[PDB]
>>> print(open('input34.csv').read())   # CSV, C-alpha atoms and all ligand atoms
chain,number,residue,atom,x,y,z
A,1,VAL,CA,-51.8,115.6,94.5
A,2,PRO,CA,-50.6,112.2,93.1
A,3,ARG,CA,-52.4,110.9,89.9
A,4,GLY,CA,-51.8,107.4,88.6
A,5,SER,CA,-54.2,107.7,85.7
A,6,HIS,CA,-56.1,110.5,84.0
A,7,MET,CA,-59.5,110.3,82.4
A,8,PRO,CA,-59.7,111.3,78.6
A,9,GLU,CA,-61.8,114.4,79.5
A,10,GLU,CA,-58.9,115.5,81.8
A,11,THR,CA,-56.1,114.9,79.3
A,12,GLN,CA,-58.1,116.4,76.4
A,13,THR,CA,-55.8,119.1,75.0
A,14,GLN,CA,-57.0,122.7,74.6
A,15,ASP,CA,-58.5,123.4,71.2
A,16,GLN,CA,-56.4,125.3,68.7
A,17,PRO,CA,-57.3,129.0,68.5
A,18,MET,CA,-60.6,129.4,66.7
A,19,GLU,CA,-60.1,130.0,63.0
A,20,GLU,CA,-61.7,133.0,61.4
A,21,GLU,CA,-62.9,132.7,57.8
A,22,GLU,CA,-63.7,135.7,55.6
A,23,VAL,CA,-67.0,135.2,53.7
A,24,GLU,CA,-68.1,137.3,50.8
A,25,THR,CA,-71.4,137.0,49.0
A,26,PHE,CA,-71.8,137.9,45.3
A,27,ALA,CA,-74.7,138.2,42.9
A,28,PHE,CA,-74.4,136.0,39.8
A,29,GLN,CA,-74.2,138.0,36.6
A,30,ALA,CA,-77.9,138.6,35.6
A,31,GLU,CA,-77.8,136.2,32.6
A,32,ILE,CA,-75.9,133.5,34.6
A,33,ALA,CA,-78.7,133.8,37.3
A,34,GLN,CA,-81.3,133.5,34.6
A,35,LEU,CA,-79.5,130.4,33.1
A,36,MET,CA,-79.1,128.8,36.5
A,37,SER,CA,-82.8,129.3,37.2
A,38,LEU,CA,-83.6,127.8,33.8
A,39,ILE,CA,-81.3,124.8,34.3
A,40,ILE,CA,-82.6,124.1,37.7
A,41,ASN,CA,-86.3,124.3,37.1
A,42,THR,CA,-86.6,122.8,33.6
A,43,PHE,CA,-86.8,119.1,32.9
A,44,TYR,CA,-84.0,117.9,30.6
A,45,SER,CA,-83.6,114.2,29.6
A,46,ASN,CA,-79.8,114.4,29.0
A,47,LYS,CA,-78.8,115.5,32.5
A,48,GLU,CA,-75.8,113.1,32.7
A,49,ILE,CA,-73.7,115.5,30.6
A,50,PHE,CA,-73.1,117.5,33.7
A,51,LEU,CA,-70.1,115.1,34.5
A,52,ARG,CA,-68.6,115.5,31.0
A,53,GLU,CA,-68.6,119.3,31.6
A,54,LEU,CA,-66.9,119.1,35.0
A,55,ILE,CA,-64.4,116.5,33.8
A,56,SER,CA,-63.7,118.7,30.8
A,57,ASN,CA,-62.8,121.6,33.1
A,58,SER,CA,-60.6,119.4,35.3
A,59,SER,CA,-59.0,118.4,32.0
A,60,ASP,CA,-58.4,121.9,31.0
A,61,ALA,CA,-56.9,122.7,34.5
A,62,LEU,CA,-54.6,119.7,34.2
A,63,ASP,CA,-53.3,120.8,30.7
A,64,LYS,CA,-52.5,124.2,32.2
A,65,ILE,CA,-50.1,122.6,34.6
A,66,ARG,CA,-48.1,121.2,31.7
A,67,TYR,CA,-48.0,124.6,30.0
A,68,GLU,CA,-47.4,126.7,33.1
A,69,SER,CA,-44.4,124.4,33.7
A,70,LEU,CA,-42.8,126.1,30.6
A,71,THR,CA,-42.6,129.5,32.4
A,72,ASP,CA,-42.7,128.0,36.0
A,73,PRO,CA,-40.5,124.8,35.8
A,74,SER,CA,-40.7,124.6,39.6
A,75,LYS,CA,-44.2,122.9,39.1
A,76,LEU,CA,-42.1,120.0,37.5
A,77,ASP,CA,-40.9,119.5,41.1
A,78,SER,CA,-44.4,118.6,42.3
A,79,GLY,CA,-44.8,114.9,43.1
A,80,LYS,CA,-48.6,114.9,42.7
A,81,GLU,CA,-50.0,112.8,39.9
A,82,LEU,CA,-52.1,114.7,37.3
A,83,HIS,CA,-55.4,113.0,37.5
A,84,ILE,CA,-59.1,113.2,38.3
A,85,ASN,CA,-60.8,111.3,41.2
A,86,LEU,CA,-64.6,110.8,41.2
A,87,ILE,CA,-65.8,110.3,44.8
A,88,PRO,CA,-69.5,109.4,45.3
A,89,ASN,CA,-70.7,109.5,48.9
A,90,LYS,CA,-73.9,107.7,49.3
A,91,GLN,CA,-74.0,108.7,53.0
A,92,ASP,CA,-73.8,112.4,52.2
A,93,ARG,CA,-75.5,112.1,48.8
A,94,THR,CA,-72.5,114.0,47.3
A,95,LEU,CA,-70.5,113.4,44.2
A,96,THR,CA,-67.1,114.9,44.2
A,97,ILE,CA,-64.9,115.6,41.2
A,98,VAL,CA,-61.3,116.2,42.3
A,99,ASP,CA,-58.5,117.2,40.1
A,100,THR,CA,-54.9,118.1,40.6
A,101,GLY,CA,-55.1,120.9,38.0
A,102,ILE,CA,-53.9,124.5,38.5
A,103,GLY,CA,-56.7,125.4,40.9
A,104,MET,CA,-58.3,128.8,41.1
A,105,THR,CA,-57.3,131.9,43.2
A,106,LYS,CA,-59.9,133.8,45.1
A,107,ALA,CA,-60.6,136.3,42.3
A,108,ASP,CA,-60.7,133.4,39.8
A,109,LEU,CA,-63.7,132.0,41.8
A,110,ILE,CA,-65.4,135.3,41.9
A,111,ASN,CA,-64.8,136.2,38.2
A,112,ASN,CA,-64.9,132.8,36.5
A,113,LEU,CA,-67.7,131.2,38.4
A,114,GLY,CA,-70.3,133.9,38.5
A,115,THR,CA,-69.7,137.7,38.3
A,116,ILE,CA,-68.4,137.9,34.7
A,117,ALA,CA,-70.8,137.7,31.7
A,118,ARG,CA,-70.3,134.8,29.3
A,119,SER,CA,-71.0,136.0,25.8
A,120,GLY,CA,-72.9,132.7,24.8
A,121,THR,CA,-75.3,132.9,27.7
A,122,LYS,CA,-78.2,134.6,25.9
A,123,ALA,CA,-77.8,132.5,22.8
A,124,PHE,CA,-77.7,129.4,25.0
A,125,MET,CA,-80.9,130.3,26.7
A,126,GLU,CA,-82.5,131.0,23.4
A,127,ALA,CA,-81.3,127.7,22.0
A,128,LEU,CA,-82.8,125.9,25.0
A,129,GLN,CA,-86.1,127.9,24.5
A,130,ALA,CA,-86.2,126.5,21.0
A,131,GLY,CA,-85.7,123.0,22.4
A,132,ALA,CA,-81.9,122.4,22.1
A,133,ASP,CA,-80.5,119.3,24.0
A,134,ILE,CA,-78.9,120.4,27.3
A,135,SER,CA,-75.7,118.8,25.9
A,136,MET,CA,-75.2,121.9,23.8
A,137,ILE,CA,-74.2,123.7,27.0
A,138,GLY,CA,-70.6,122.6,26.3
A,139,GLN,CA,-70.4,124.8,23.2
A,140,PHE,CA,-71.8,128.0,24.7
A,141,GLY,CA,-69.1,128.4,27.4
A,142,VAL,CA,-71.3,128.0,30.4
A,143,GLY,CA,-70.8,124.3,31.1
A,144,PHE,CA,-70.0,124.5,34.8
A,145,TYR,CA,-73.6,125.4,35.5
A,146,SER,CA,-74.7,122.0,34.2
A,147,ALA,CA,-73.8,121.0,37.8
A,148,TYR,CA,-77.2,122.3,38.8
A,149,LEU,CA,-79.0,119.8,36.5
A,150,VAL,CA,-78.2,117.3,39.3
A,151,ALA,CA,-77.1,119.3,42.3
A,152,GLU,CA,-79.3,121.4,44.7
A,153,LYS,CA,-76.0,122.9,46.0
A,154,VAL,CA,-72.5,123.1,44.7
A,155,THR,CA,-69.3,123.7,46.7
A,156,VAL,CA,-66.0,124.2,45.0
A,157,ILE,CA,-62.9,123.9,47.1
A,158,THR,CA,-59.8,125.1,45.3
A,159,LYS,CA,-56.1,125.8,45.8
A,160,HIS,CA,-53.9,127.6,43.4
A,161,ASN,CA,-50.1,128.1,43.8
A,162,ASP,CA,-50.6,131.9,43.9
A,163,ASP,CA,-53.3,132.0,46.7
A,164,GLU,CA,-54.7,130.3,49.8
A,165,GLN,CA,-57.4,127.7,49.7
A,166,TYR,CA,-61.0,129.0,49.1
A,167,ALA,CA,-64.5,127.6,49.0
A,168,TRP,CA,-67.0,128.8,46.5
A,169,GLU,CA,-70.6,127.8,47.2
A,170,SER,CA,-74.0,128.3,45.7
A,171,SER,CA,-77.5,126.9,46.1
A,172,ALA,CA,-78.4,129.2,43.2
A,173,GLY,CA,-81.3,131.6,43.9
A,174,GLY,CA,-79.1,134.3,42.5
A,175,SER,CA,-76.0,134.6,44.7
A,176,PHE,CA,-72.9,132.6,45.7
A,177,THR,CA,-70.4,133.0,48.5
A,178,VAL,CA,-66.6,132.7,48.5
A,179,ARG,CA,-64.8,132.2,51.8
A,180,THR,CA,-61.2,131.4,52.9
A,181,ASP,CA,-61.1,127.7,53.6
A,182,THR,CA,-58.9,126.9,56.6
A,183,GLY,CA,-60.2,123.4,56.7
A,184,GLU,CA,-58.7,120.2,55.2
A,185,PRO,CA,-55.8,121.4,53.0
A,186,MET,CA,-56.3,119.9,49.7
A,187,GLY,CA,-53.1,120.8,47.9
A,188,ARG,CA,-53.1,122.3,44.4
A,189,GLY,CA,-56.2,121.6,42.4
A,190,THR,CA,-60.0,121.8,42.7
A,191,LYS,CA,-62.7,119.7,44.2
A,192,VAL,CA,-66.3,120.2,43.0
A,193,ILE,CA,-68.7,118.8,45.5
A,194,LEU,CA,-72.2,118.2,44.1
A,195,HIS,CA,-74.9,117.9,46.7
A,196,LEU,CA,-77.3,115.8,44.6
A,197,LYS,CA,-81.0,116.5,44.4
A,198,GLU,CA,-83.1,113.7,45.9
A,199,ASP,CA,-83.9,112.1,42.6
A,200,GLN,CA,-80.5,112.3,41.0
A,201,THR,CA,-78.9,109.7,43.3
A,202,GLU,CA,-78.2,107.4,40.3
A,203,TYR,CA,-75.1,109.5,40.0
A,204,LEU,CA,-73.8,108.0,43.2
A,205,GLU,CA,-74.0,104.5,41.6
A,206,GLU,CA,-70.7,103.1,40.4
A,207,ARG,CA,-72.1,101.5,37.3
A,208,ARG,CA,-73.9,104.7,36.3
A,209,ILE,CA,-70.7,106.8,36.8
A,210,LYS,CA,-68.8,104.3,34.7
A,211,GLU,CA,-71.4,104.4,31.9
A,212,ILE,CA,-71.4,108.2,31.6
A,213,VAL,CA,-67.6,108.5,31.7
A,214,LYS,CA,-67.3,105.9,28.9
A,215,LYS,CA,-70.2,107.6,27.0
A,216,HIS,CA,-69.0,111.2,27.3
A,217,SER,CA,-65.5,111.6,28.6
A,218,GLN,CA,-63.2,109.2,26.7
A,219,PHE,CA,-60.4,111.6,25.8
A,220,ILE,CA,-59.6,113.1,29.2
A,221,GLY,CA,-55.8,112.6,28.6
A,222,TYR,CA,-55.3,112.1,32.4
A,223,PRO,CA,-56.2,109.0,34.5
A,224,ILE,CA,-59.6,109.2,36.0
A,225,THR,CA,-60.3,107.1,39.0
A,226,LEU,CA,-63.6,106.2,40.6
A,227,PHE,CA,-63.5,105.7,44.4
A,228,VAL,CA,-66.2,103.2,45.4
A,229,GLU,CA,-67.0,102.9,49.1
A,230,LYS,CA,-67.1,99.1,50.1
A,231,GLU,CA,-70.7,98.2,50.8
A,232,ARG,CA,-70.9,97.4,54.5
B,1,LIG,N1,-61.8,122.1,37.9
B,1,LIG,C1,-61.5,123.4,37.6
B,1,LIG,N2,-60.2,123.8,37.8
B,1,LIG,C2,-59.9,125.0,37.5
B,1,LIG,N3,-60.7,126.0,37.0
B,1,LIG,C3,-61.9,125.6,36.9
B,1,LIG,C4,-62.4,124.3,37.1
B,1,LIG,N4,-63.8,124.3,36.8
B,1,LIG,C5,-64.1,125.5,36.4
B,1,LIG,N5,-63.0,126.3,36.4
B,1,LIG,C6,-63.0,127.7,35.9
B,1,LIG,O1,-64.3,128.0,35.6
B,1,LIG,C7,-64.4,128.6,34.3
B,1,LIG,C8,-65.8,128.5,33.7
B,1,LIG,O2,-66.0,127.1,33.3
B,1,LIG,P1,-67.1,126.7,32.3
B,1,LIG,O3,-68.4,127.3,32.8
B,1,LIG,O4,-67.1,125.2,32.0
B,1,LIG,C9,-66.7,127.6,30.8
B,1,LIG,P2,-65.0,127.1,30.2
B,1,LIG,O5,-64.7,125.7,30.4
B,1,LIG,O6,-64.0,128.1,30.6
B,1,LIG,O7,-65.2,127.3,28.6
B,1,LIG,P3,-65.2,126.3,27.3
B,1,LIG,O8,-65.7,124.9,27.7
B,1,LIG,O9,-66.0,127.1,26.4
B,1,LIG,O10,-63.7,126.4,27.0
B,1,LIG,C10,-63.2,128.0,33.6
B,1,LIG,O11,-62.8,128.8,32.5
B,1,LIG,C11,-62.2,127.9,34.7
B,1,LIG,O12,-61.5,129.2,34.8
B,2,MG,MG,-66.0,124.1,30.7
>>> encode(input="input34.csv", output="structure tokens")
Amino acid sequence: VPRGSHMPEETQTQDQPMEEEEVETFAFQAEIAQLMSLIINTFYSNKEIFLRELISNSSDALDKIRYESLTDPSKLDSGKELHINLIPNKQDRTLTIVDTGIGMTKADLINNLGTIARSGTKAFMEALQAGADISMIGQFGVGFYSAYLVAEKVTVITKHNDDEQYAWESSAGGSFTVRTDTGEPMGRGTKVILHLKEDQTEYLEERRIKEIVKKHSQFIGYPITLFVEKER
């Protein structure tokens, strides 16, 4: 049956086998849930410090690369630059903080971002109740959750040398999921994707991002780059 030319629908290759992703749901530690609720549902005028916190954690992760190299000099062989990228997406209303730090293994996500008590949580909630600036969150060891000052939902994609890629995700309300992430390989590090609340879209603006990096994150110790989508 001679063919001279095939239509794209005819030549369209079979899909790869359908990937399976294991998803687990966890309760936040009680006080973490209480903090998240508090952060989410209280007005704070100094919300911008959320970025200082997430950049600080990227920073920490990036320092650990340097130190882990002292026991694991193999890491020295990586060609990836140690850096943070800030990626605002006006179309998706997301702000992404990407680092090339050490990343987090599956159990690191579960333990570090929600199941394990932080000892400063109760004091932080009390401080807030007595009218502390939200900025103080940095000194009470719960700074990650500042993400929820600006974000209705947070997704963390992460890849650590010792594990596969995972996605952590929470819209708060007391639980979070962790699933294997068989999607876009991201290489070692972590990507924190903030789905911004409708009225926190100033944090997609390049000038505003620049202002708060300059104000709050001047000692990263690693290049930070802001990716700005050309306006069409
Ligand atoms: N970008 C990132 N890369 C790797 N690990 C990250 C990360 N962001 C968060 N984490 C993990 O999440 C944990 C909790 O972060 P935070 O809530 O900011 C408290 P911390 O930064 O560990 O304490 P500290 O600021 O009192 O030192 C970190 O300890 C780290 O294990
Ligand atoms: Mg921190």
>>> closest_residue(input="input34.csv", among="A:114, A:88, A:120, A:187", to="residue 145 in chain A", atoms="only C-alpha atoms")
A:114
>>> residues_around(input="input34.csv", residues="range 29-39 of chain A", least_positions_apart="2", cutoff="8 Å", atoms="only C-alpha atoms", output="list in words")
residues 27, 41, 42, 114, 115, 116, 117, 118, 121, 122, 125, 145, 146, 148, 149, 172, 173, 174 and 175 of chain A
>>> residues_near_ligand(input="input34.csv", ligand="ligand MG 2 (chain B)", cutoff="10 Å", atoms="only C-alpha atoms and all ligand atoms", output="list in words")
residues 52, 53, 54, 55, 56, 57, 58, 59, 60, 61, 137, 138, 139, 140, 141, 142, 143, 144, 145 and 146 of chain A
>>> atom_distance(input="input34.csv", atom1="CA of residue 171 in chain A", atom2="CA of residue 228 in chain A")
26.3 Å
>>> atom_distance(input="input34.csv", atom1="CA of residue 147 in chain A", atom2="CA of residue 169 in chain A")
12.0 Å
>>> residues_around(input="input34.csv", residues="range 91-98 of chain A", least_positions_apart="3", cutoff="7 Å", atoms="all atoms listed in the file", output="MDAnalysis selection string")
chainID A and resid 84:88 190:196 201 204
>>> closest_residue(input="input34.csv", among="A:176, A:168, A:43, A:67", to="ligand LIG 1 (chain B)", atoms="all atoms listed in the file")
A:168
